[PDB]
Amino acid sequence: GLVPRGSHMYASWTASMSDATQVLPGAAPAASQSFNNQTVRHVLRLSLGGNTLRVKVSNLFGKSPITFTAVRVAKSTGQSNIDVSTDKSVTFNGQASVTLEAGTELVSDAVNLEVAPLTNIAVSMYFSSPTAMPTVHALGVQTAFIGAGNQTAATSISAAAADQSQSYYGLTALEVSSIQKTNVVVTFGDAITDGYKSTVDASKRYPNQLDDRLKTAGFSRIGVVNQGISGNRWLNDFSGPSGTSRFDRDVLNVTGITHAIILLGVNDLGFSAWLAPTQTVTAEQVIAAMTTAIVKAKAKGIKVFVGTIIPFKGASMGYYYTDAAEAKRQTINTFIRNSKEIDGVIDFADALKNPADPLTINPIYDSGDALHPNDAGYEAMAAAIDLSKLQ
């Protein structure tokens, strides 16, 4: 019959936030990016279409307030170009400018812009004042465009090509409304979820390719949002807040979440040889963190899938991969494969391993560093997933 007409918002695109000034123990301080009387135009791919949208901005890791002088949205026509006929003001309690205190985030008013799944929109921000922006999604795998003055409504960004970036600045979610029954699948992880080594501006991150499979199969109302952070660890901050500490924000609190795919831990194992020797952790400590996350998500009624840790022998031997890291990987994967608490295993390790040597990534899927898949490897990750799990 007629679908009940009550409208609801769903996360259509997400980006997990990191503090660009946070560094490893003993490391030299790191400076944040700043803007001063400048516009940043971001581009992002929507997983879910619908009738209206809203924008979530962030000063989560600011050390002082920031003021978004203007925020605008439009359909992207490639590079920095927009369809000016679709340009809309993004307001916050009716105001075009909004100030976020340090440590806070804010979702905008609804914007009347009809959008389709797997299309790109541009979200443009003007900062009139000197604005420090430590709150970023560092690894965007996507070009952002920076220019002088308020260009938020301009057809393109006029600037030098050296002013571009591949990060997202203070932009963390895009939510879209619909009356239809809708699933939201959150992919939670490290660089292998974030999509490091996939082709920039090509939407070839593994969650993008999973999304492609869903829409090709007809499931336009099953969305996939990305909560990976390159370099992320369960148990310790850097890169990004620890997985344990960000799970509530980046998984449980995602608007409309129904399913989660968790793939995290290789950095907990790999960082201790050299990057962070004071932060050695056991497989048991990783398993305990996973357990608490699984319990929390199941209590919220989320379907929880855990991926096996992909082989990584050859990845900076002696300085990331070690015999100790391999032993812990096998203990963790045994735990995953035998868990009766999770709703299912997604065996990424089995899908991507080298048939000639199961401790290495299949050479046809190796980006070249023995750790991160290439586009074909991210395609193979997506292909391994039983879409019945996401219903």
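The numbering used is simple: start at 1 and walk along the sequence shown.
Review point. According to the deposited model, is the average Cα temperature factor higher in 115-123 or in 154-162?
Key: According to the PDB entry, the answer is 154-162.
Check your understanding: What stretch has the higher average Cα B-factor here, 274-282 or 168-176?
Key -> According to the PDB entry, the answer is 274-282.
Practice item. Please pick out which of 43, 342, 48, 53 has the largest Cα B-factor as recorded in the entry. Key: Of the candidates given, the C-alpha B-factor peaks at 342.
Point to revise | Selection from 261, 269, 293, 136 [criterion: highest C-alpha temperature factor in the record] | key: If I rank 261, 269, 293, 136 by C-alpha B-factor, first place goes to 293.
Point to revise | Third of the chain's Cα B-factor distribution that residue 253 belongs to, per the entry | key: Tercile = lowest for this residue's CA B-factor.
**Study point:** Record-listed C-alpha B factor of residue 11: chain third
**Key:** As the PDB entry reports it, the C-alpha B-factor of residue 11 lands in the lowest third of its chain.
Point to revise | Entry-reported Cα temperature factor of residue 78, expressed as the chain third it lands in | key: Top third by C-alpha B-factor.
**Study point:** Ranked against its chain, the third holding the CA B-factor of residue 65
**Key:** Lowest third of the chain for residue 65's C-alpha B-factor.
Practice item. Quick one: classify residue 17 as lowest, middle or highest third of the chain based on its Cα B-factor. Key: Ranked within chain, residue 17 CA B lands in the lowest tercile.
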